[PDB]
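J.: Before we start, here is the structure in question, set down as structure tokens.
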6 protein chains.
Amino acid sequence: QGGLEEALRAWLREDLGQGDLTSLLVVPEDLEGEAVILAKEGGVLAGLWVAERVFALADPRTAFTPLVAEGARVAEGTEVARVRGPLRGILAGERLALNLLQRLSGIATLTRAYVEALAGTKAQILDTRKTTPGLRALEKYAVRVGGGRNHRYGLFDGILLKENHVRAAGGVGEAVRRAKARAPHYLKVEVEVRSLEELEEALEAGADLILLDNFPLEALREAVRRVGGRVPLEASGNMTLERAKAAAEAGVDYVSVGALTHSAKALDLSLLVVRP
Amino acid sequence: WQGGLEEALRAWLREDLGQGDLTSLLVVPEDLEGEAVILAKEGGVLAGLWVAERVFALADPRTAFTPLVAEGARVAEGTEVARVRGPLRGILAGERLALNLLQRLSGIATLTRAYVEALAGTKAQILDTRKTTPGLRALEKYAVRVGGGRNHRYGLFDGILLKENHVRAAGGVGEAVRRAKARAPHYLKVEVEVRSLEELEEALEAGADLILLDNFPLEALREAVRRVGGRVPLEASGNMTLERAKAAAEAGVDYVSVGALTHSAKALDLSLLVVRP
Amino acid sequence: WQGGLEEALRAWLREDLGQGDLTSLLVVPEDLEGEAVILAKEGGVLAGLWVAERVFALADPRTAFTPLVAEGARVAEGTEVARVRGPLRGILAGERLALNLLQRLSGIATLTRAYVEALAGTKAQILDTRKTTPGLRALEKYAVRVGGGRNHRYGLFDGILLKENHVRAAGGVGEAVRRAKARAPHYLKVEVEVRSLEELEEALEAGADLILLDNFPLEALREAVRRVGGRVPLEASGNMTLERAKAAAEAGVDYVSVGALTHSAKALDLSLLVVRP
Amino acid sequence: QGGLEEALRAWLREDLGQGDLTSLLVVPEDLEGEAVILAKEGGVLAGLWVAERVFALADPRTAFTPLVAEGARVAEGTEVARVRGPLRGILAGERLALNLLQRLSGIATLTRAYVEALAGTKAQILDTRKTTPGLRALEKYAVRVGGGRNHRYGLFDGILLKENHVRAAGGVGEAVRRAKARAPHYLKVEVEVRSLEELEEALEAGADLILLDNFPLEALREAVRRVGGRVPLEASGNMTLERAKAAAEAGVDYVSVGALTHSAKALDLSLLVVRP
Amino acid sequence: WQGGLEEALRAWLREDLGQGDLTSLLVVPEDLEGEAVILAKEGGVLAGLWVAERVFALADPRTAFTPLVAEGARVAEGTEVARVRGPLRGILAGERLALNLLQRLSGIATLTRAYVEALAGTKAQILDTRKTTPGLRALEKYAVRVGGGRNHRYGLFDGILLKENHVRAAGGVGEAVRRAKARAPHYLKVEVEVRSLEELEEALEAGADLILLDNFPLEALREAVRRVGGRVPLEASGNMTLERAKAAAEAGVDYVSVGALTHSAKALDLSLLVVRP
Amino acid sequence: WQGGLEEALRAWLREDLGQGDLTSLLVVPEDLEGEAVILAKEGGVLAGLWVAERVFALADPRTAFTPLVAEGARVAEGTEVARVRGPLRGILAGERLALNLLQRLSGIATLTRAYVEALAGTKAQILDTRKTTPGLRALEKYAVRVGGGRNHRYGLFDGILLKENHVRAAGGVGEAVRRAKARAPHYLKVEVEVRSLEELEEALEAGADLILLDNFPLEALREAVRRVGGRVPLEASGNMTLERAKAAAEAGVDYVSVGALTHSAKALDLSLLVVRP
């Protein structure tokens with residue numbers, strides 16, 4: 001939780017304003033109907049319960065029935081869910097519900113592809129902070145549905161020394177030391193390194209976690225060897241399915257992927273009313 | 001601007017900052033000054049420059065955001081689009097949200113401009129849709145305008161648009177149109193989506209003010225334009241691509257609505273380069 | 001309903017209640033039950049019954065609001081329109097706001113119904129305006145609907161209406177209309193206000209979709225209708241009274257916009273009668 | 001103060017939404033202009049500074065210049081103010097500014113009529129709680145501009161035993177006593193009475209203030225005589241100009257008038273753009 | 001409470017929960033529902049039970065709160081104040097907020113009856129002040145009432161109290177009291193604080209309804225009641241300790257406002273223990 | 001602060017001002033601007049100066065706040081902490097809120113260096129807890145830092161801490177620590193509270209990153225550090241008084257979290273006196 005209810009009402013208002021003028025014109029007030037949400041392409045479903053809430057907010061008399069499980073992979077033409085109740089309510093919540101379902105499913109679909117690519121390895125997929133403003137909690141949820149894990153929610157709950165912090169501190173060593181000197185005792189100090197020398201600095205300074213930023217595959221393998229499992233290694237930077245897989249086989253423990261939320265194409269879904 | 005953006009930006013910054021940027025507070029001196037530039041890693045259209053300016057100001061009012069190009073200007077790769085100088089902490093605190101928005105809106109403006117140019121030489125205009133990001137509609141519609149496109153209705157409250165679901169609910173295109181024309185708010189035009197030339201005829205004869213051709217193959221599109229003969233404006237939509245939008249425009253439609261503009265526009269590659277420290 | 005009403009009602013109750021109803025807390029026992037009825041002191045149209053129900057519920061969820069007539073029903077003097085029973089404190093806490101709203105909205109619905117009836121026998125319909133109470137527009141437009149009237153645009157964001165000030169700013173009626181027609185959002189009709197038969201001709205010839213006749217004397221109104229000959233819908237406005245609205249309707253206009261509906265409607269005389277204690 | 005700034009922004013948004021589409025069409029972005037606010041009937045002006053703020057919120061480049069003082073009585077055809085700056089801004093704030101100015105001026109006009117009717121007496125005019133939801137602070141302000149005084153802002157800052165409280169307590173005496181027994185020491189206990197007998201009860205129970213509810217004129221005079229200035233007397237209930245005046249001449253100290261805010265006709269005002 | 005307590009509680013719950021109670025999500029099943037009990041690991045007065053119950057309801061509506069002792073009742077170590085049943089995650093989620101409030105409010109209710117019992121036997125009544133916790137005034141003022149005390153004004157908007165800064169801003173106790181008495185609402189009493197009896201007189205004849213004695217030496221504290229003969233309520237103020245308070249009550253004052261009731265009142269040690277699993 | 005402190009301050013100011021500061025409006029001219037000075041009628045550590053300055057700025061932007069001593073600096077009775085100049089109404093309006101905060105936050109900053117100085121000489125560092133004032137956590141946690149202390153987690157969302165209720169909800173210190181260590185975010189350390197050394201061992205080998213000793217008798221408090229050899233941070237918890245805290249620091253613990261720093265910390269006596277007029 002985190003105020004989702006309030007957010008959904010605000011997004012519904014964004015679209016509804018004073019009311020759905022088109023539907024009020026051609027759909028009787030007491031006309032009940034049924035609609036089907038169809039997948040227009042293959043992928044993974046995420047956000048079914050969110051869509052249910054959207055329709056409920058539009059009109060509490062609506063009933064949402066999923067025909068697939070949350071996180072299930074479906075084929076093109078598959079019936080995802082059925083919605084029944086006052087037709088005006090269904091038509092009012094349709095666009096918002098679909099906008100959310102398509103977006104979350106899109107994220108879960110790409111995440112699932114990355115996770116499956118890492119099958120056979122101990123490596124886990126992580127998200128990042130490259131999320132849609134206002135939708136972070138929902139998008140982080142989508143990642144979990146896809147099979148991935150969540151990295152920090154923001155700048156307030158995790159210590160991650162990035163290149164800019166290293167530059168400010170005058171080096172990886174200084175950054176890791178300034179951090180471990182006054183960091184919350186319940187948080188681990190992670191630092192990003194861009195070369196094998198910085199990796200050595202990080203290990204020497206006492207970093208709890210080390211992020212290998214844009215390491216070529218050969219350097220990544222060498223990093224894994226040198227660390228010898230002493231500290232967890234995270235790989236990130238311009239990640240693709242092939243690169244995440246390679247990094248995993250090379251032996252890293254985590255692969256954070258910006259693409260999961262920064263460039264995930266929405267899953268094409270539609271809602272079709274059942275002819276009265 | 002309408003309003004509410006200020007409140008939305010504060011909430012989005014809060015989403016990321018919470019009680020504070022712990023990492024920066026740990027290693028970055030409060031008085032350490034920062035100097036950075038936002039670089040375009042690829043060519044494209046800039047949108048949201050003033051939005052990014054406001055986000056940095058919310059992170060720390062002492063930060064100075066200086067635009068180096070005009071809002072809506074198309075820049076080449078390597079172009080420094082803005083300079084930011086002030087407390088490094090404030091810069092690092094606002095960086096993520098500022099760029100996220102700048103990249104998103106610029107990406108929309110860039111794709112929109114591509115569609116606009118694809119219609120060059122014709123009278124057709126590009127329109128947006130309601131396939132927008134929850135909570136970002138005002139900003140995304142703004143980005144479409146920056147790119148040169150036009151806005152269709154903001155939501156369900158300011159336009160009559162009989163979609164396939166309304167047609168199915170009313171029992172037919174002519175049926176839905178006649179019902180709407182009989183009671184529609186007098187200041188709104190009655191538009192209806194049609195999927196065939198037969199449905200097009202129903203719309204025309206029932207008195208539709210606007211007709212949206214839904215995923216018509218090129219041959220049918222041309223025939224629709226010929227038949228209508230300018231009696232009513234025609235809006236083409238459905239799985240648009242630059243090629244299809246151009247074909248529809250050359251076929252003679254008046255508008256081409258593109259969901260992709262706000263539903264699948266790739267973010268523009270922009271990065272914040274800290275030059276000092 | 002759109003939304004926000006819940007939040008608005010809470011704020012309005014807070015405006016009156018603050019930290020609490022001191023007087024009632026001083027002399028009314030917490031468990032003392034109350035029983036009251038809302039009486040119509042004069043005949044009129046009821047609107048806002050469900051709004052009053054919600055206000056009482058916000059004051060105290062244990063209170064039971066029971067409507068005795070239908071929403072929008074016209075009642076005669078002495079009609080008990082609703083019964084409220086529950087903790088007397090909660091009843092006294094919500095009384096003022098509940099009735100204030102009930103009286104206001106009922107008053108609007110009552111006047112609107114009077115204008116609607118004045119147009120009986122003609123095809124003309126009554127329209128509201130933007131001369132509404134700040135913060136109450138959604139509720140007042142709702143009241144107009146309850147009375148039988150129609151709503152014009154909600155604000156400046158959902159309708160193109162070239163008013164006298166736009167005409168003056170553009171240098172003329174034909175000038176303003178031609179400019180608007182050239183770039184107006186395609187889903188909106190272009191309406192323009194005119195003050196003379198000459199301005200009416202400018203509007204017609206420039207392609208206006210809608211024409212609003214501003215304070216036309218009866219003779220001119222008739223002439224305007226004859227000339228237009230049904231080419232475009234005509235909306236009459238300006239210092240409306242029941243007599244003038246009826247005259248305009250019999251003259252042949254399609255719509256009569258009435259500012260008085262929401263700008264000067266007298267509140268309906270309704271009172272809360274506590275029968276016990 | 002009390003959040004007026006936030007309220008004005010919300011009311012502006014009520015009308016503006018995504019933007020003033022009509023003005024954007026025919027008024028150039030950089031076109032500067034001037035408009036005049038004219039009184040279309042005689043009355044008293046209230047809320048000039050509020051209108052100024054509305055135009056400022058629409059566009060801070062606008063300049064508002066009053067041509068009459070706040071609270072001044074003007075004749076039909078009088079120029080109330082001039083507004084200059086970006087024309088789009090003026091046209092965007094016009095309706096809201098006028099809606100507020102007309103409403104507040106309407107209240108101040110009727111209040112001023114009541115106040116002038118009481119000239120020659122010590123009686124003061126008071127308002128009531130019959131105010132427009134959300135506009136109480138502004139309407140109470142309008143009353144002051146008109147020359148009246150403010151009664152309690154709500155149920156939280158004043159003790160007023162009404163007929164319903166008397167019924168609940170089992171009588172005026174019991175109500176006044178239950179009240180004075182546990183009432184805040186910084187507040188006066190006022191009680192409404194509807195007959196000379198209840199008046200006697202009130203005086204006997206120790207009421208600090210007594211409100212004569214719908215007393216015929218003859219009874220009102222008798223009440224003033226009996227009280228002999230021992231406690232302040234307030235008269236209220238179906239007040240008209242003539243009744244307030246009579247009550248004042250009869251000798252009451254205060255006359256609270258619901259009509260000031262419950263049935264005050266707005267002052268007719270308009271805004272006309274100066275031809276470019 | 002109709003004063004927006006719900007919105008406050010939700011906000012305070014979010015201040016603590018954020019994205020979610022990570023710990024409980026890691027080790028506590030979503031389907032596992034348990035039972036807990038609130039324990040008073042100390043002796044004192046209980047206040048805020050209904051507040052705690054609404055915290056749990058907001059955390060998880062499926063939670064069942066059962067108060068075992070009446071509000072305001074005095075408890076001893078080990079006393080089961082209440083038992084909550086339902087989804088264990090919801091209980092662990094609202095635990096900390098529910099207790100911070102119960103403990104805080106119980107502390108005030110406990111310390112207040114301290115004074116009430118202290119200066120008992122007399123007529124003096126204990127009053128609070130405005131030295132409350134920002135945002136918690138309503139709840140804290142409620143705590144005092146539960147402990148047997150009474151409330152002074154809720155803010156600067158509902159009461160007239162001329163303080164030292166006012167007096168010097170005006171130029172004396174005399175005029176300041178005159179400026180106030182000259183245009184003060186007719187339903188409000190004018191109260192002024194004085195430091196010398198040259199000022200107590202300068203006020204008593206200035207027409208003051210209430211008088212506040214600031215850091216009065218007791219030779220004057222019990223003199224003042226004598227020189228006033230109980231004509232206008234007397235309120236003692238300053239460093240009102242348990243002794244200097246009961247003393248004033250002995251001196252005969254009508255009210256004793258203790259700013260320490262909420263400016264230095266330790267929380268009542270309370271705890272929530274899971275008894276199942 | 002970028003954490004929405006502005007909105008909080010505005011809300012707290014309204015809690016006190018409401019419709020307006022009646023008293024000051026009655027006796028203080030609108031054009032009269034004076035000067036005031038904040039005085040510390042006690043000895044302690046100052047914290048919240050910038051908070052007070054923003055209260056005055058929000059009350060009346062024309063107010064000039066001038067801090068005379070640095071934040072966190074220790075002051076003695078009579079020390080002029082700061083001087084404010086400008087419209088006297090604005091100063092009297094923000095006075096009470098500015099002081100409630102300055103006093104409250106200064107009290108925490110004062111009491112915190114108490115501990116910091118107390119267990120000084122050792123390596124132990126003072127930490128806060130979640131037993132903070134609802135809605136004031138951010139500000140209170142800040143106070144601790146000013147007094148020389150450090151912050152523990154801000155809520156249940158940014159830290160893993162297995163408490164007694166968790167342990168029993170799971171079925172032991174062992175599994176609970178395993179369930180957490182099994183799926184805990186990779187950037188977080190798992191901390192668990194234990195009551196017996198059969199549990200300290202059941203945790204140390206369960207793979208815990210942090211250990212919290214709850215109401216440890218000191219024969220075990222200084223044993224535990226010995227049996228841990230400083231492998232995992234040690235945090236002492238329970239009734240941590242000034243003695244039981246400095247003791248733990250003597251025993252060698254790494255951190256001592258004092259829940260009394262904000263659950264029972266008296267405000268630092270401060271006042272604002274008008275010096276002109």
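To be explicit about the labels: the chains of the structure tokens are called A, B, and onward in the order shown, and within each one the residues are counted from 1, while ligands get numbers from 1 in the order they are shown.
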Quick one: residues within 9 Å of range 165-178 of chain D, only C-alpha atoms counted, chain neighbours fewer than 5 positions away excluded, as a ChimeraX atom specification?

T.: /C:23-24,26-29,32,88,274,276-277 /D:160,183,189-193,198-199,201-207

J.: May I have the residues from that selection written out with N, CA and C atoms, as a short mmCIF file (atom, residue, chain, number, x, y, z; two decimals), in the first residue's frame?

T.:
data_model
loop_
_atom_site.label_atom_id
_atom_site.label_comp_id
_atom_site.auth_asym_id
_atom_site.auth_seq_id
_atom_site.Cartn_x
_atom_site.Cartn_y
_atom_site.Cartn_z
N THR C 23 -21.68 24.26 21.48
CA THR C 23 -22.98 24.40 22.11
C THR C 23 -23.66 23.06 22.35
N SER C 24 -23.74 22.23 21.32
CA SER C 24 -24.38 20.93 21.47
C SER C 24 -23.63 20.01 22.43
N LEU C 26 -22.15 20.92 24.99
CA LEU C 26 -22.41 21.44 26.33
C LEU C 26 -23.75 21.03 26.91
N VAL C 27 -24.79 21.00 26.08
CA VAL C 27 -26.12 20.68 26.59
C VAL C 27 -26.82 19.43 26.04
N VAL C 28 -26.28 18.83 24.99
CA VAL C 28 -26.92 17.64 24.44
C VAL C 28 -26.18 16.35 24.79
N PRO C 29 -26.85 15.44 25.50
CA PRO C 29 -26.25 14.16 25.90
C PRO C 29 -25.78 13.37 24.68
N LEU C 32 -28.34 10.92 23.59
CA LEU C 32 -29.70 11.40 23.32
C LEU C 32 -30.03 11.24 21.85
N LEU C 88 -28.77 13.03 18.25
CA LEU C 88 -29.15 14.42 18.06
C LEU C 88 -27.95 15.31 17.75
N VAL C 274 -37.19 19.46 14.27
CA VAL C 274 -36.85 18.43 15.24
C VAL C 274 -38.12 18.11 16.01
N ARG C 276 -38.46 15.35 18.04
CA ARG C 276 -38.07 14.84 19.34
C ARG C 276 -36.55 14.86 19.50
N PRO C 277 -36.08 15.40 20.63
CA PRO C 277 -36.86 15.95 21.75
C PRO C 277 -37.72 17.16 21.36
N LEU D 160 -24.26 29.42 21.30
CA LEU D 160 -25.58 29.95 20.99
C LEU D 160 -26.59 28.84 21.15
N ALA D 183 -19.16 25.67 30.12
CA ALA D 183 -18.78 26.45 28.95
C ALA D 183 -17.39 27.07 29.07
N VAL D 189 -22.34 33.08 27.10
CA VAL D 189 -23.43 32.17 26.83
C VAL D 189 -24.64 32.92 26.30
N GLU D 190 -24.90 32.77 25.00
CA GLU D 190 -26.05 33.43 24.41
C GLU D 190 -27.15 32.40 24.25
N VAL D 191 -28.39 32.83 24.42
CA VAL D 191 -29.51 31.92 24.27
C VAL D 191 -30.63 32.60 23.50
N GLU D 192 -31.30 31.83 22.65
CA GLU D 192 -32.41 32.35 21.87
C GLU D 192 -33.68 32.13 22.67
N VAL D 193 -34.55 33.13 22.68
CA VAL D 193 -35.82 33.03 23.39
C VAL D 193 -36.91 33.43 22.41
N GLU D 198 -39.76 33.14 28.30
CA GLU D 198 -38.44 32.54 28.11
C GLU D 198 -37.38 33.60 28.38
N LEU D 199 -37.70 34.84 28.04
CA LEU D 199 -36.78 35.95 28.29
C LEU D 199 -36.50 35.99 29.79
N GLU D 201 -36.81 33.56 31.93
CA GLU D 201 -36.05 32.38 32.27
C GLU D 201 -34.56 32.61 32.03
N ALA D 202 -34.28 33.18 30.87
CA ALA D 202 -32.92 33.45 30.44
C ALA D 202 -32.22 34.38 31.42
N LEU D 203 -32.90 35.47 31.78
CA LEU D 203 -32.36 36.44 32.72
C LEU D 203 -32.16 35.80 34.09
N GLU D 204 -33.09 34.93 34.48
CA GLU D 204 -33.03 34.25 35.76
C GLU D 204 -31.93 33.18 35.80
N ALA D 205 -31.68 32.55 34.66
CA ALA D 205 -30.65 31.51 34.58
C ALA D 205 -29.24 32.08 34.46
N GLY D 206 -29.15 33.37 34.16
CA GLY D 206 -27.84 34.01 34.06
C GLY D 206 -27.21 34.12 32.68
N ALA D 207 -28.02 34.11 31.62
CA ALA D 207 -27.49 34.22 30.27
C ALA D 207 -26.69 35.51 30.11
#

J.: Let's see if you can do this: from backbone DSSP, list all strand (DSSP E or B) residues in range 77-232 of chain A, as a list in words.

T.: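 So, restricting range 77-232 of chain A to strand (DSSP E or B), we get residues 79, 80, 81, 82, 83, 84, 85, 86, 124, 125, 126, 149, 159, 160, 161, 187, 189, 190, 191, 192, 193, 209, 210, 211, 212 and 213 of chain A.
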
J.: Report as an NGL selection string the set of chain C residues whose atoms approach chain F to within 12 Å, with distances computed over only C-alpha atoms.

T.: :C and (14-16 or 18-19)

J.: Quick one: write out the picked residues with C-alpha atoms as a PDB file, in the first residue's frame?

T.:
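Output saved as again_13.pdb:
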ATOM      1  CA  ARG C  14     -15.116  21.599   8.565  1.00  0.00           C
ATOM      2  CA  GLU C  15     -15.745  25.248   7.678  1.00  0.00           C
ATOM      3  CA  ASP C  16     -18.748  25.209  10.016  1.00  0.00           C
ATOM      4  CA  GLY C  18     -14.112  23.207  13.252  1.00  0.00           C
ATOM      5  CA  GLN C  19     -12.949  21.461  16.442  1.00  0.00           C
TER       6      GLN C  19
END

J.: Do you know which residues are at most 12 Å from residue 1 in chain C counting only C-alpha atoms, after dropping those on the same chain fewer than 6 positions away, and could you put them as a PDB file with N, CA, C and O atoms, in the first residue's frame?

T.:
ATOM      1  N   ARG A   9      -8.392   7.219  -8.062  1.00  0.00           N
ATOM      2  CA  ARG A   9      -9.506   8.161  -8.147  1.00  0.00           C
ATOM      3  C   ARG A   9      -9.067   9.410  -8.913  1.00  0.00           C
ATOM      4  O   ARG A   9      -9.840   9.982  -9.682  1.00  0.00           O
ATOM      5  N   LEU A  12      -8.839   8.566 -12.590  1.00  0.00           N
ATOM      6  CA  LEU A  12     -10.153   8.374 -13.165  1.00  0.00           C
ATOM      7  C   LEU A  12     -10.726   9.760 -13.452  1.00  0.00           C
ATOM      8  O   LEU A  12     -11.313   9.989 -14.509  1.00  0.00           O
ATOM      9  N   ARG A  13     -10.529  10.687 -12.515  1.00  0.00           N
ATOM     10  CA  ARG A  13     -11.026  12.052 -12.675  1.00  0.00           C
ATOM     11  C   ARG A  13     -10.334  12.751 -13.840  1.00  0.00           C
ATOM     12  O   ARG A  13     -10.932  13.588 -14.522  1.00  0.00           O
ATOM     13  N   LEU A  16     -12.478  11.312 -16.635  1.00  0.00           N
ATOM     14  CA  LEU A  16     -13.921  11.524 -16.533  1.00  0.00           C
ATOM     15  C   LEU A  16     -14.460  12.932 -16.372  1.00  0.00           C
ATOM     16  O   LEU A  16     -15.545  13.228 -16.875  1.00  0.00           O
ATOM     17  N   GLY A  17     -13.738  13.798 -15.669  1.00  0.00           N
ATOM     18  CA  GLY A  17     -14.237  15.149 -15.483  1.00  0.00           C
ATOM     19  C   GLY A  17     -15.667  15.096 -14.974  1.00  0.00           C
ATOM     20  O   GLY A  17     -15.989  14.233 -14.168  1.00  0.00           O
ATOM     21  N   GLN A  18     -16.528  15.985 -15.465  1.00  0.00           N
ATOM     22  CA  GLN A  18     -17.929  16.032 -15.043  1.00  0.00           C
ATOM     23  C   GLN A  18     -18.707  14.763 -15.371  1.00  0.00           C
ATOM     24  O   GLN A  18     -19.783  14.532 -14.811  1.00  0.00           O
ATOM     25  N   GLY A  19     -18.184  13.958 -16.294  1.00  0.00           N
ATOM     26  CA  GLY A  19     -18.867  12.735 -16.673  1.00  0.00           C
ATOM     27  C   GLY A  19     -18.607  12.307 -18.111  1.00  0.00           C
ATOM     28  O   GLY A  19     -18.142  13.098 -18.935  1.00  0.00           O
ATOM     29  N   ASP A  20     -18.911  11.043 -18.398  1.00  0.00           N
ATOM     30  CA  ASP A  20     -18.733  10.454 -19.723  1.00  0.00           C
ATOM     31  C   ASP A  20     -19.921  10.854 -20.601  1.00  0.00           C
ATOM     32  O   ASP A  20     -20.898  10.114 -20.718  1.00  0.00           O
ATOM     33  N   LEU A  57     -14.277   1.505  -8.868  1.00  0.00           N
ATOM     34  CA  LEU A  57     -14.362   2.928  -8.571  1.00  0.00           C
ATOM     35  C   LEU A  57     -15.316   3.617  -9.540  1.00  0.00           C
ATOM     36  O   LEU A  57     -16.042   4.529  -9.148  1.00  0.00           O
ATOM     37  N   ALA A  58     -15.312   3.184 -10.801  1.00  0.00           N
ATOM     38  CA  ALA A  58     -16.202   3.757 -11.812  1.00  0.00           C
ATOM     39  C   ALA A  58     -17.653   3.475 -11.410  1.00  0.00           C
ATOM     40  O   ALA A  58     -18.519   4.345 -11.511  1.00  0.00           O
ATOM     41  N   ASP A  59     -17.907   2.248 -10.963  1.00  0.00           N
ATOM     42  CA  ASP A  59     -19.237   1.835 -10.498  1.00  0.00           C
ATOM     43  C   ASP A  59     -19.049   0.552  -9.689  1.00  0.00           C
ATOM     44  O   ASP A  59     -18.686  -0.485 -10.239  1.00  0.00           O
ATOM     45  N   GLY A  89     -20.737   2.187 -16.483  1.00  0.00           N
ATOM     46  CA  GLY A  89     -19.591   2.025 -15.601  1.00  0.00           C
ATOM     47  C   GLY A  89     -18.403   1.364 -16.274  1.00  0.00           C
ATOM     48  O   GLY A  89     -17.251   1.760 -16.061  1.00  0.00           O
ATOM     49  N   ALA A  92     -16.879   3.762 -18.748  1.00  0.00           N
ATOM     50  CA  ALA A  92     -16.215   4.882 -18.084  1.00  0.00           C
ATOM     51  C   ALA A  92     -14.824   4.497 -17.569  1.00  0.00           C
ATOM     52  O   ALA A  92     -13.881   5.293 -17.630  1.00  0.00           O
TER      53      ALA A  92
ATOM     54  N   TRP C  50     -29.620  13.498  -1.996  1.00  0.00           N
ATOM     55  CA  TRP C  50     -28.531  12.575  -1.705  1.00  0.00           C
ATOM     56  C   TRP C  50     -27.300  13.319  -1.200  1.00  0.00           C
ATOM     57  O   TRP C  50     -26.446  12.735  -0.541  1.00  0.00           O
ATOM     58  N   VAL C  51     -27.201  14.606  -1.515  1.00  0.00           N
ATOM     59  CA  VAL C  51     -26.073  15.399  -1.043  1.00  0.00           C
ATOM     60  C   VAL C  51     -26.303  15.655   0.451  1.00  0.00           C
ATOM     61  O   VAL C  51     -25.384  15.545   1.264  1.00  0.00           O
ATOM     62  N   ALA C 138     -20.206  22.093 -10.384  1.00  0.00           N
ATOM     63  CA  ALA C 138     -20.698  20.749 -10.703  1.00  0.00           C
ATOM     64  C   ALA C 138     -22.080  20.535 -10.099  1.00  0.00           C
ATOM     65  O   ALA C 138     -22.979  20.019 -10.755  1.00  0.00           O
ATOM     66  N   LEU C 139     -22.244  20.936  -8.845  1.00  0.00           N
ATOM     67  CA  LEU C 139     -23.528  20.769  -8.162  1.00  0.00           C
ATOM     68  C   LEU C 139     -24.642  21.634  -8.739  1.00  0.00           C
ATOM     69  O   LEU C 139     -25.796  21.210  -8.804  1.00  0.00           O
ATOM     70  N   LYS C 141     -24.814  22.761 -11.896  1.00  0.00           N
ATOM     71  CA  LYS C 141     -25.146  22.272 -13.235  1.00  0.00           C
ATOM     72  C   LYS C 141     -26.004  21.020 -13.070  1.00  0.00           C
ATOM     73  O   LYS C 141     -26.904  20.747 -13.879  1.00  0.00           O
ATOM     74  N   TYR C 142     -25.728  20.265 -12.014  1.00  0.00           N
ATOM     75  CA  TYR C 142     -26.515  19.064 -11.728  1.00  0.00           C
ATOM     76  C   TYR C 142     -27.950  19.507 -11.411  1.00  0.00           C
ATOM     77  O   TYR C 142     -28.915  18.915 -11.893  1.00  0.00           O
TER      78      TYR C 142
END

J.: Please compute the CA of residue 202 in chain E-CA of residue 21 in chain F distance, one decimal, in Å.

T.: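 Result for CA of residue 202 in chain E versus CA of residue 21 in chain F: 24.0 Å, one decimal.
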
J.: Step one, run DSSP on the backbone; step two, keep only residues of range 41-273 of chain C assigned to helix (DSSP H, G or I); then write them as a ChimeraX atom specification.

T.: /C:49-59,88-118,137-147,164-170,173-183,197-206,218-228,242-251,260-263

J.: Just the residues within 9 Å of residue 111 in chain B, please, counting only C-alpha atoms, with nothing from its chain fewer than 2 positions along; format it as a list in words.

T.: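 In the requested form, the answer reads residues 44, 45, 106, 107, 108, 109, 113, 114, 115, 116, 144, 147, 260, 261, 265 and 266 of chain B.
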
J.: Which of these, B:67, B:61, B:252, B:94, has the shortest distance to chain A once you count only C-alpha atoms?

T.: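 When distances to chain A are compared using only C-alpha atoms, the smallest one comes from B:94.
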
J.: Applying 6 Å and only C-alpha atoms, which residues near residue 32 in chain A remain after dropping the ones on its own chain fewer than 5 positions away? List them as a list in words.

T.: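 Residues near the query, excluding close chain neighbours: residues 85, 86 and 87 of chain A.
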
J.: Determine, counting only C-alpha atoms, which protein, DNA and RNA residues have an atom within 9 Å of an atom of residue 122 in chain C; residues of the same chain fewer than 6 positions away are not included. Present the result as an MDAnalysis selection string.

T.: chainID C and resid 246 249:250 252 254
